[PDB]
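Taking the form deposited in one PDB entry, here's one chain by itself in structure tokens.
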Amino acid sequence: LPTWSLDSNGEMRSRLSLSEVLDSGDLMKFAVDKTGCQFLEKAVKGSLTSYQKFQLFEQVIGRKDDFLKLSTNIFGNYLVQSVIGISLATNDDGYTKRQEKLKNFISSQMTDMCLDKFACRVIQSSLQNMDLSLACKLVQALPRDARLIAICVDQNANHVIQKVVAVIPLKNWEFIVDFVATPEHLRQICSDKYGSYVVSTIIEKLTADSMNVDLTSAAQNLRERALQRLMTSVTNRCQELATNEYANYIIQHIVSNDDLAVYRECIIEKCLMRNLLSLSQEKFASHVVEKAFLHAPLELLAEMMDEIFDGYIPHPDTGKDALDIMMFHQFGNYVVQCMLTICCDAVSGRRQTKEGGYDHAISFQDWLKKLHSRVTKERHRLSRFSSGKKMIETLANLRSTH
């Protein structure tokens, strides 16, 4: 901080004016100081004259090096977002020029600004507040090589990608979807704490749900094409995504969403079917199996139930079947529990048994009787476990009301 701005104690004087700081040439010193930046942040919220704006624009977003220094500063990045705000609100000669100079500045340092904890906020800010056409150009400056992977898995830059997906039309970031759907990129990105969220956010935006009813038919066709490209790669690696600690949320999201029903059905038929006993014993994939049971259309649900009740050869030495294994397994027990809940919801009217006017109630009753007969015969061993007690108590409650 420059000595002319301090008092008898080395403290910043009160009663300082904005134009004093602007005229002094020491704005950069105030902007990286906590107290000075607080003053500037508050001062620029007032009624500024045209010349005060002129000085602000030139000293904060006028020169690349000072812009970058402020954008990557723990305090300056806030002043940068404020000045960009004022710039967007000031409809003078320079309105588009300032945006383009700003777009060019960020474009030239795009990777490093995304990876920076503070500059990545300046980027997200510009993406959603700048004129859409300039914001779209900013998206094009994203790298196309291994840096884009590093961006998706970064603790800070992953939010830049999610911001792009939220506020930019799909045409401008289609290359990200094709990048992500590249098989080797997909595995790295989905299997990461941050990148998993990136892929889920992409899929959500690519879904024709109620939040996309405002799209044109032409935008829906483009959306559907990107969705199919991404879904093809995902379903091709579905088993390894379903069993990964971070990617399993992606399979769950596809399976649980009615507006992705055809992709749900393809995952169930091509990935989980004939693997239910194995995947039910997996820490992460057992969550995927539950969602499949909960959301499967009735014909696939019947096939999944029949795979558990009668798809596996009993153990040759003891005669234990798949149900025996799963009911006592550390993860499989939640799947049986889910199966029991579905059947009880059906008989008790809390679940639709008609699918297209055709009633499958008889089938739910069949599955419930199988679960009840097993639980009744194994009640003593099952009473030793919480999951077992839960099943026993769910059953007794049910037929004392029906």
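Residue numbers here begin at 1 and follow the sequence given.
Just so it is clear, the following notes concern the form solved in complex with a partner chain, a form of the same protein that is not shown.
For the chain shown here without its partner, which stretch in 126-134, 70-78, 149-157, 325-333 has non-hydrogen atoms within 4.5 angstroms of its partner chain in the entry with it bound? Of the stretches listed, the one contacting the partner is 325-333.
Would residue 311 sit within 4.5 Å of its partner chain in the entry with it bound, counting heavy atoms only? Heavy-atom contact with its partner chain at 4.5 Å: present for residue 311.
Is residue 278 close to its partner chain in the entry with it bound, meaning a heavy atom pair under 4.5 Å apart or at it? Output for residue 278 is yes: heavy atoms within 4.5 Å of its partner chain.
Look up in the entry with it bound whether residue 97 has a non-hydrogen atom within 4.5 angstroms of its partner chain, and give yes or no. Contact with its partner chain, no.
Does residue 193 reach its partner chain in the entry with it bound, with heavy atoms at most 4.5 Å apart? Judged by the heavy-atom cut-off of 4.5 Å, residue 193 is well away from its partner chain in the entry with it bound.
Just to confirm, with a 4.5 Å cut-off on non-hydrogen atoms, which of 144, 315, 117, 225 contacts its partner chain in the entry with it bound? The option sitting close enough to the partner is 315.
Would you kindly say which of 204, 174, 303, 265 lies with a heavy atom within 4.5 Å of its partner chain in the entry with it bound? Answer to the contact question: 303.
Do all of 282, 320 and 385 end up near its partner chain in the entry with it bound, with near meaning a heavy atom within 4.5 Å? The answer is yes; 282, 320 and 385 each reach its partner chain.
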